[PDB]
Structure formats: C-alpha cells, structure tokens
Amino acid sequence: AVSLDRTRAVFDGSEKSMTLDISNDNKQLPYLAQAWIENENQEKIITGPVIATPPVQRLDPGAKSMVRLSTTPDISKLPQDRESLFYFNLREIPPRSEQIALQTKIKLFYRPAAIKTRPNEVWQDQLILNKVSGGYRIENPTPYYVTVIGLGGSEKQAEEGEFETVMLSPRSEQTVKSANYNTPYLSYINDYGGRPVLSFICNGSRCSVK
C-alpha cells in the first residue's frame, strides 16, 4: 500500500536536509509508514550521520505524506571528495485487523558539496573499459558511484540485452563478464533512475567514449 516516489536518491551535501514523498495507494484502509537508514554495509544506524524522520507515521486511506532526511554535524567526518553510500528503508504496517518485509529499499548517495553536480551533468562517460579474458575491467575515475546495467555490441543490445549489474565505487575498478564487442555500448543508471546508453570505441584493449 505504502510506496516511495523514487527507486534511488542522491543527498545534496550542500544542504542540511531533503524530503521523499510517500503515499498510501490503499483508498479504503489506513497504513503505517516506517522508515530508517542503513550504512553502506546495510547496517541500521539510529543517530546519524544521516537521519530519517519520522521513524513511524500514519497515513489514512489515500494519504500523501513524506519522510525527511537530514544530516548531523558529524556528517563532516565523511570524505568530501567522493560519494558515500547509505540505504533508505520503508516498511508498511496494515490495520491491526490482521516477518520483516519491506516496501522498498533504495540506495542513498551522499554527495558532498565539494563535488556537487550541475543539472544534467554527465560523468559516467569517463569510464574506461579494459578488454580481458571473459569480459572487461571497468574503471571509474570519477568521485561518484557508477552503476552499470547494460553492455552490448549495439545500443539496442545494451538495453534489451541481459547483463549482471555492477556498481563501481568512486575511484575504483571492477572486472565484469562479457563477450568481446567491436563497438561496446554501455548503459548506466543516472540519479533520477534513467538508463542512458554510452557509445564506446576501442584501441587495443582500452576502450573509451566517443
């Protein structure tokens, strides 16, 4: 019944807080919306650096409320030259007229003000594919988390084709499995949940974006 307004979020480090919209799609019954944060290791954290409030709230049939995320002063102890990962969790509680199942678990990227991004900015095009045996060794030089959900020999394939999603941490690299493609097409997930497609060009084993 209770749902979120997005499948992922980014926290603007230059702000003290932000908000996420929730709703009770059930127009005949009241539900409870429980929310909480977890660190990158998916462990629950009650007092900072990122807070989610209110922990619990009631939403009458068809209600449309929201949950607020804010930071504590300790948020400054996190690196300011790279994104930090957190998880936002939402669980619903039906009428007591009636197991820890969730409504949705989305990633929450803390983006320090230092590396703030301008609207519609692309940085995922800085990924470097390195041909290897069995696939590629993708490199992420950017200070952000880059999630790759597609990789094919053509654009339509990087979208329709099946791929083992992988999330590269800031300034890191990982090796994925793939067939050797003449002109590799990468597909990633942006901040709003979009699936843009990048066209790459190789030169030996090192492939880069056009």
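Residues carry their position along the shown sequence, with the first being 1.
In the deposited sequence, the stretch from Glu98 to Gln99 hides 4 to 9 residues that have no coordinates. Taking only CA atoms, the mean B-factor in the PDB entry is higher for 196 to 204 than for the other of 8 to 16 and 196 to 204. The question of which stretch, 23 to 31 or 39 to 47, has the higher mean Cα B factor is settled in favour of 23 to 31.
For the set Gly62, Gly150, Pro54, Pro170, the PDB entry puts the maximum C-alpha B factor at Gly62.
Within the group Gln124, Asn89, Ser76, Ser84, the record's highest C-alpha temperature factor is found at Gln124. The entry lists a Cα temperature factor for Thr72 that places it in the lowest third of the chain's modelled residues. Sorting the modelled residues of the chain by their CA temperature factor places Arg111 in the lowest third.
When all modelled residues of the chain are sorted by CA temperature factor, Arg118 is found within the highest third.
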